[PDB]
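# This one's experimental. Sequence and coordinates below.
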Amino acid sequence: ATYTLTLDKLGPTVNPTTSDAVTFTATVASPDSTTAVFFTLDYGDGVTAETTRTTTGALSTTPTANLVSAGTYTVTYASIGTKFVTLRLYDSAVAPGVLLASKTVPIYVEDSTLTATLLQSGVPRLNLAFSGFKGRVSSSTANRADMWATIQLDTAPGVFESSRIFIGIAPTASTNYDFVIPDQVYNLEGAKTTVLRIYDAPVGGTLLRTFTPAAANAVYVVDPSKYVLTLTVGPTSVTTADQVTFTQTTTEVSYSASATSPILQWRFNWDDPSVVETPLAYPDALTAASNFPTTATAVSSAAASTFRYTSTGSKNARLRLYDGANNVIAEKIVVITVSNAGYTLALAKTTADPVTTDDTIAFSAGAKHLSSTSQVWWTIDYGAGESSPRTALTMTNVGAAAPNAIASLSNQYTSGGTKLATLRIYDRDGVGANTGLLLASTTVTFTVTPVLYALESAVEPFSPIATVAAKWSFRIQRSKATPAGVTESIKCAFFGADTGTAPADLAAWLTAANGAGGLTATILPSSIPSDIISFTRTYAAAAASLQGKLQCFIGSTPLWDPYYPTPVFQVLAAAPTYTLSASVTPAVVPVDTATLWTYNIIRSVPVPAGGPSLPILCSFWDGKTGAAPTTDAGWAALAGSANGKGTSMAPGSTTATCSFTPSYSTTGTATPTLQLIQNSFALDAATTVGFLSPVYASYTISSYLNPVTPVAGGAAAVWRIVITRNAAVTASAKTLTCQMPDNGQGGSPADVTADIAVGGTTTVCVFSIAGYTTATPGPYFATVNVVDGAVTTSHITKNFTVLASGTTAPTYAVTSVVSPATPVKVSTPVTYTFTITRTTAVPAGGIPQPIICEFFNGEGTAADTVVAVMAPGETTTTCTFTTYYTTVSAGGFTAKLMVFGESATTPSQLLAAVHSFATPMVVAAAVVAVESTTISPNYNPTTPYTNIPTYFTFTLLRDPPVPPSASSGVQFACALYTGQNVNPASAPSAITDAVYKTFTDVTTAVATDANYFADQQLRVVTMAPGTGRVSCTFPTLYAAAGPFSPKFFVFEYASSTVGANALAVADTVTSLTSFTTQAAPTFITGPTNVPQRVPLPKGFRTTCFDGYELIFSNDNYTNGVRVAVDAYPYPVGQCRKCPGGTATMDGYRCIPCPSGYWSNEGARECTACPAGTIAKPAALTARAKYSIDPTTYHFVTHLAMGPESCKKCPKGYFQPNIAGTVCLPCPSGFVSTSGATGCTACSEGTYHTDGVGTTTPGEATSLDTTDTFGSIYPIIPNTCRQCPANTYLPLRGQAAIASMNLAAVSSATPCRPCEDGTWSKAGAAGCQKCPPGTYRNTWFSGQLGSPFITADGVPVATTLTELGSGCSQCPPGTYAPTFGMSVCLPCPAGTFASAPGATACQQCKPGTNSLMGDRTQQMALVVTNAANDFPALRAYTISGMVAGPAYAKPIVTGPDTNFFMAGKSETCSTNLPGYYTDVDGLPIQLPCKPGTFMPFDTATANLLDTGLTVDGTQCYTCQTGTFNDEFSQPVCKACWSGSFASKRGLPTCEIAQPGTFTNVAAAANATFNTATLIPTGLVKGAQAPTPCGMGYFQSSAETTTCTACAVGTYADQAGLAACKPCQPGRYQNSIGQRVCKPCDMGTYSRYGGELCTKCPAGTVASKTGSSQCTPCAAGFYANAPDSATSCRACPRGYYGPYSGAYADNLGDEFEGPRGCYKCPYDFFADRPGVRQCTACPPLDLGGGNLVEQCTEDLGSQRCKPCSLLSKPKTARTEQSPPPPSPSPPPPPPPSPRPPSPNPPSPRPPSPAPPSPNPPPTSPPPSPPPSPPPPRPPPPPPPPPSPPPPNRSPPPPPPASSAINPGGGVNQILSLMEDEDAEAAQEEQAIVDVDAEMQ
């Protein structure tokens, strides 16, 4: 009943077109029933076909195939449009039938002419707008209508068709029309079948065309999220240097969505604009239009790329896969970063000391990069420029190493400018003109010091005359040295001012230098170059000023800087002539003598300003050579040598000095040659300006002879002559010949030739004489000739005297002593004294023998030699030496002395043997010790610091053994142990000296030798000569704090190895006091400091200025006088003016000034006090309340406030110093006025005592000292007092020496009592002499005047004076004709000085002479004053007979008691009577000569004419009858009676000549009365012989009386010599009868006789007065016997026979005995004729007869014849005659004659010839020696040098922390205007400070 039907298109899948046609499938199912039914089909176009009904089979639920299987129901369609096909079922086939069911199906027929295509550009995206769609329509019809297209993305039922899109009309032709389809988001990420549908109408309508993917043109959706591509492109942090590598093989691209997917060619980005993005390309091993790989695959099979980035910036490398439009489905990106700051190069120079161009400048660099290192192109940059190839660098080190090996490049830089060496590394390439990148900068700059050239100038001629050429020479000198192996040539050009203008630029100078005009020179390398360059210039016209400029070029660089001006030289002008003047001293010169010459140079035109000085060489010729130079060249050569000298001309100076002093070999008449030269350097040419002409020895000899004494039988002596010249031998040695004249003994000694070595003024000649031994003692003179050079034959004579010692041989004795003796310390002074003696002592006057004594001490080698001249008086020579031992005794030492006779300028020995010392010297070792020990840095002296490296110093003293100045230096080794063991490990084993001295030698230590602070160290220190103290210095460093025991050892250091301990006893250590080291403090005790520019609020101030004192105070203080109070809230800095006393410099310290000054409140500095004042700081006390504004700082005890502080000195002190802080007293001799700068010198006479009583001296007042100064100044004097009466101070104010003790030491002023005889009118500068008449002496002053005119008899203390001189009048008896004498001498014997003021004595008068005392007093025997004996002063002692018969010579008896004729002060004592004076001036009165008498006065005269007187001057002679034969007698003795005196003036009486006599009554010498010493009672005697009377005779002389002549003699007449006897015939019989009576008649008398005598026997005188009795004749007889008158003849008859016949008269008358007789008888005579009686005549009778006759009686006259008258009668007597008388006897022999005289004695023997002369007094030995002079002491030595400071400051602490709070993190116009104001104020402050310091 119910049937279901389906009908579908069995034909093509696409919708049908016109030609294709269709087939259908229709199935019918009927679940309800299965019955056959007939189906019919109707199409959209019914005309085409009308199908008939056909049966069906079995229907049922299962579908059954029906309709078109192989039938022809298929119909083509012509029309285009939608058709409806209907399938209808009929139950029966008969028309119409029953229609069970019909079904309608619509089909769409498209157009074959229409063509539609769809194009997709890119690959679609999920979720993202993909709008890459286009549609192409190409209708075959010419005109196609409007059209509408719809796009259906998928055929799924969920997806719906899109809205209609109007593509366009498409009106013309069949060309393709393209329309854009809007965006559509695909959501599947799977394969899609996009369908394009075309409609004719917007709504419904026919279907025109469809387009389908058609086998792989399908839209494939791609999801961007499934895609992941890996890039892995090299490294990320690599820099621009490194090349990043794209490894395309490693990268993998995959979709990870489906196996089949569209392929997209990839494209990758550098993000670098320089290179474009890649061409879009497919992955590896793939073809175009192929499915994208489902697995990871490489983008390229064998591609690798290397890329470098251009700038250091971040880059994003992005890969992305493209298809269609450049729109990205997915991109994968990776980041890469780059930086440039990493790279760091460092360049250093190794050789150091950069001197600009000198040497080579060597530098080397290391460049480091941290990681990923690669090549960077490095450029080296000097002062300018960089290399073009730019070198090359390789990287082989990590960034840890700083210096990398880069090519050491070295360059030479030019000029003194800095270099600033720059190394720049440019990264990228650099060879192809592309710039690398700059990475480090990092420039090194080192500072250099260049070398500077020096130029010198000199011209010739030196001033250019017009039209005269000149040549300028320039000296070039370089600084330091030329580099080795480099030679430099200089081209120099000079332009003259006259020639042309100087070039403006450098190029012209260079061109001139390069030209032939320029000059080229060469420099020797590696030495100091001194080059000379010469240019010639000629001036057409002379110019006053020369200015030249020169330029030198070395290579391309000028030597002088172009900015600096070219050198300018001002080189004078006018070529003036020079004037030279000479002066010499002395005029003449001996041989080789120094002479002074000085020379003045004058220039007319002074040198102009701004120019070089003028050097001139003066040439001198000594004259030794022989020929002076005659040309300029020779003189110039002389000047260039040592002979010529140089001078420089001072600018603007015209006066020049040049002095010199030569030597001569021989004196000549020469003055040395001058030449003035000036020349260019190096002596190129010779030029002379001025010329000049010349302006016109001694020896000594000492000769000594050794031995002096000649020796008999011994060796001859040696005589040495030493000749000395004042002048040294200069050129050649001289030979002198010494000749000695012959002395007469041993012949003439030969001459001696002695040569003198060159340079010696002394020569010696030696002589020996053979006969000198026998030489006579006496003087010899020697003449020696001397020859030297031209001057020849000098004479020198030397004199000596040689004694004769005989055969004796002298000897010298040497003895040695030392006062100190034993023991002597080492190195101490010792004095030796040696006595040399000669006992015989033979030399006396002639030759002194000089001695040399040499001393030798025990040095042991096996020396202060000294010479002394032997004095010819003393034989002891005393040699004084010093030895100064410096070694130990080692058993003692001996001193030995040696004697040499040769002296001064030692061949022969004068001692036979050497003499050692008597006592061996004992030497004691030293006693040195360490005096003290001190440490310079220390808390206390005992303990040094802990951390500070303290220095230990030990002081050594050598005690009194001070080392001698003249000796070698002695050194000591001092070694210690500090006690610490921080150093050299273990402590020393023992204390013994052996280990300690070995220790370590640290005498010289380096700073960082590590033994500097050694605990055990030994040093060696040398004592200098002359110093005693030694310092041992040691450094010690203590590691830790603790006790330490320092030990110290001292040893003597000698001969390298140290000696034993210098201390006494072996192994003795000095142990310092053990100490504990104290903590080390840190504090710099340095000057006041200022920080830099600290911020402060306002008033607070870093520094105040010029005097103010900082006040950290809230007190407002503008300047320094406060103002406001409590001003600032928190305290701020201020500053006060300060008080008066102190002064301040800079803003810190109000320091009181030193003593001399004073200050005000706020001045900078204490002003200077005037000189005289004292400027003491005055009392300040302090502040008590302590809240008061302080007066000042507390320590300032006393202050001097203002000018009222300077206080002067009192009167008597001088203040020459300006300061005057205290006041020195006026010394002895200068007196101050006010507080004088200087005390004044007083005058001569005033001195130093107190003068309080005197008014207007200036002695210091109470207000002076007391009120103000207090107790700092006592009271002392200031005055001057004239030396009092007669005393004087001979100097100007040499003060009175005052002693403080008054009663004990009476001090004095130095002025004298003066000397005797001088007064001083109170004061003076000199004593005044006495006027004459007056005198003076120290011991006395006064008189004693006229003593004997006082009746007392004593002198008078006489006090009379002249006022105006005060000089005492000379005592009367004394005078002063003279001004000056101490005692005025008395009057001599024989004048008078009565008045006191004796101007002079006067001679005593003619009558009165002088004698001490008066006359009467002098003759006063008695005494009136028994005590004084004044009037018992007796002076006469006369010579006379005392009263009475007695006669006492010296009536006055005794030695004379008063004789002085001199000390005469009164009346001239009248004369002693024996004496007299005829004149005035007789000293001793003259006794009267013999014969005279001077009576005591005029009246008292014995025998005088009363007219004449004796006026005291006259001695009147004696009278007749007086005599006196002696002197000094008052009167003359009256003669005894025998002797008679007649003449006047008799010393004798005369003998009373015989015949006369004197009987005088009053005649005897005068009687001298004892009372008055005077004679008296003298009356003259008989004046005559007063002759004898007759009757009296005087034959005796000298008689008083006359005696009568005796009997028998007569005295005829007076005066007869003697009695004369009466002549014969006369007689006298009485005594005293002058007449002789004649004898009687007949009587005779003989000569003499008392009475006449009668005749004897027969004789008769026969006369009266007859003298003889004659015997009568024979024949005759006498008258009577014995008396007869006459004789007559006998009578007639008688005869007388005999003559003697006489008559007897008695008896027979006339008869006698011999008479007459008768004759007898016969005989007869008869006529008295004859005596013969005749015997008668016998008569004759007749003639014959004869008759005898006889006379009658006896005698008868007549005879008668015989016979007549009786013959017989004759009887008578007969007698006989008597015998005859005998003959007379013979005469006797005469008396024998007197004998001859016997010879007296021979003449007496002679008195002897003189006896010899006993020797005079003995010669005097020597006197004691003189004391020696002292030696001045030494001054102190200089102090040791200060030690150096420590080393730098120590390394700084690297600093850290912040000192901040809150804990932090964990770790314009007004502007510059105000800053310029700050700078200006700072500059003004600097200017003010600079003004302050100046």
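Thanks, I have the structure now. Residues are numbered from 1 along each chain as shown.
# for the top helix by length along the chain, packing partners?
Using DSSP state H to define each element, the chain has its longest helix at helix 1869-1893. Judged by 3 or more C-beta pairs under 8 Å, 6 or more residues apart in numbering; DSSP states H and E, helix 1869-1893 is in contact with no other helix or strand. To be clear about C-beta, it is placed using only N, CA and C from the backbone, and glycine gets the same treatment.
# quick one: buried residues of it?
For helix 1869-1893, the neighbour count (16 or more other C-beta atoms under 10 Å) marks no residue as buried.
# didn't residue 427 look like it was pressed against residue 437?
Yes. The pair residue 427 / residue 437 is scored as a contact, 4.5 Å apart, by C-beta atoms under 8 Å.
# any residues in contact with both of those two?
When contacts are counted by C-beta atoms under 8 Å, 6 or more residues apart in numbering, residue 427 and residue 437 have 240, 340 as shared neighbours.
# how far away is the nearest residue to residue 222 once chain neighbours are set aside from residue 604?
Excluding the flanking residues, the one nearest residue 222 by C-beta to C-beta, 6 or more residues apart in numbering is residue 123, at 4.8 Å. Distance, residue 123 to residue 604, by C-beta to C-beta, to the nearest Å: 121 Å.
# out of those two, which sits in the busier spot?
Neighbour tally, residue 123 and residue 604, criterion other C-beta atoms under 10 Å: the higher count belongs to residue 123, 22 against 10.
# which residues does the more buried one contact?
By C-beta under 8 Å, 6+ apart, the neighbours of residue 123 are 220, 222, 262, 264, 323, 324, 329.
# Same question for residue 1323.
By C-beta under 8 Å, 6+ apart, residue 1323 lies in contact with 1245, 1246, 1282, 1283, 1284, 1287, 1288, 1289.
# Can you show me the strands along the stretch 1001-1150 of the chain?
Here the stretch 1001-1150 of the chain has its strands, by DSSP state E, counting those that start in this stretch, at 1016-1023, 1029-1035, 1043-1044, 1047-1053, 1058-1061, 1070-1071, 1075-1076, 1109-1113, 1132-1136.
# export these to CSV and tack on distance to residue 595?
Shown next, in CSV, are the strands of the stretch 1001-1150 of the chain (distance: least, C-beta to C-beta, whole Å):
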stretch, distance to residue 595
strand 1016-1023, 49
strand 1029-1035, 53
strand 1043-1044, 76
strand 1047-1053, 56
strand 1058-1061, 60
strand 1070-1071, 68
strand 1075-1076, 75
strand 1109-1113, 73
strand 1132-1136, 75
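# Mind putting the ones you listed into CSV with mean neighbour count and distance to residue 415?
Converted to CSV, those look like this (neighbours: other C-beta atoms under 10 Å; distance: least, C-beta to C-beta, whole Å):
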stretch, mean neighbour count, distance to residue 415
strand 1016-1023, 19, 53
strand 1029-1035, 17, 49
strand 1043-1044, 14, 63
strand 1047-1053, 21, 59
strand 1058-1061, 17, 61
strand 1070-1071, 14, 67
strand 1075-1076, 16, 64
strand 1109-1113, 18, 53
strand 1132-1136, 22, 52
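# For residue 1197, which of those strands is the nearest?
strand 1109-1113 (17.8 Å; C-beta to C-beta).
# From residue 1261, how far off is the nearest residue to residue 893 once chain neighbours are set aside?
Using C-beta to C-beta, 6+ apart and skipping residues adjacent in sequence, the residue nearest residue 893 is residue 858, 3.1 Å away. Per C-beta to C-beta, residue 858 is found 76 Å from residue 1261.
# who has more neighbours, these two?
residue 858 (21 against 12).
# Could I get the full set of helices for this structure?
Going by DSSP H, the chain shows helices at 506-514, 632-640, 993-998, 1262, 1268-1269, 1415-1419, 1869-1893.
# Nearest to residue 1327, out of the ones you listed?
Judging the helices of the chain by C-beta to C-beta, what sits closest to residue 1327 is helix 1262, at 39.8 Å.
# what about that closest one, distance to the chain center?
Between the centre of helix 1262 and the centre of its chain there are 50 Å (C-alpha atoms, centre = their mean, to the nearest Å).
# For residue 981, give me its contacts.
Taking C-beta under 8 Å, 6+ apart, one finds 987, 1015 in contact with residue 981.
# one more time with 6 Å, if that's ok
Counting by C-beta atoms under 6 Å, 6 or more residues apart in numbering, residue 981 makes contact with residue 987.
# Would you confirm that residue 737 contacts residue 755?
No. Counting by C-beta atoms under 6 Å, residue 737 sits too far from residue 755 to count as a contact (10.5 Å).
# picking up where we left off before, so which of residue 427 and residue 437 has more stuff around it?
residue 427 (22 against 18).
# isn't the more buried one right next to residue 434, touching?
No. Counting by C-beta under 6 Å, residue 427 sits too far from residue 434 to count as a contact (10.8 Å).
# one step back: would you mind telling me which of residue 737 and residue 755 has more residues around it?
residue 737 (13 against 10).
# ok, back up a step: which of the contacts of residue 1323 tops the neighbour count?
residue 1289 (28 neighbours).
# what's near enough to touch the closest residue to that residue other than its chain neighbours?
Nearest-residue entry for residue 1289: residue 1311, 3.8 Å, with adjacent residues in sequence omitted and distances by C-beta to C-beta, 6+ apart. Contacts for residue 1311 (C-beta under 6 Å, 6+ apart) come out as 1283, 1287, 1288, 1289.
# how much space is there between the last one and residue 1252?
Residue 1289 sits at a distance of 20 Å from residue 1252 (criterion: C-beta to C-beta).
# same deal with the first one?
With distances defined as C-beta to C-beta, the gap from residue 1283 to residue 1252 amounts to 19 Å.
# ok, residue 15 touching residue 108?
Yes. With contact defined as C-beta under 6 Å, residue 15 reaches residue 108; the gap is 4.8 Å.
# Can you name the residues that contact the residue lying closest to residue 1524 once chain neighbours are set aside?
Using C-beta to C-beta, 6+ apart and skipping residues adjacent in sequence, the residue nearest residue 1524 is residue 1532, 3.3 Å away. Residue 1532 makes contacts with 1493, 1518, 1522, 1523, 1524, as judged by C-beta under 6 Å, 6+ apart.
# which pair in those spans the largest distance?
1493 and 1523 (10.9 Å).
# Those two - which one has more neighbours?
Taking neighbours as other C-beta under 10 Å, residue 1493 and residue 1523 compare with residue 1493 leading, 26 against 20.
# May I have the beta-bridge partners of the more buried one?
residue 1516 (DSSP bridges).
# For the stretch 1251-1400 of the chain, which segments count as strands?
For the stretch 1251-1400 of the chain, the strands defined by DSSP E, counting those that start in this stretch occupy 1281-1282, 1318-1319, 1328-1329, 1334-1335, 1343-1344, 1357-1358, 1368-1369, 1391-1392.
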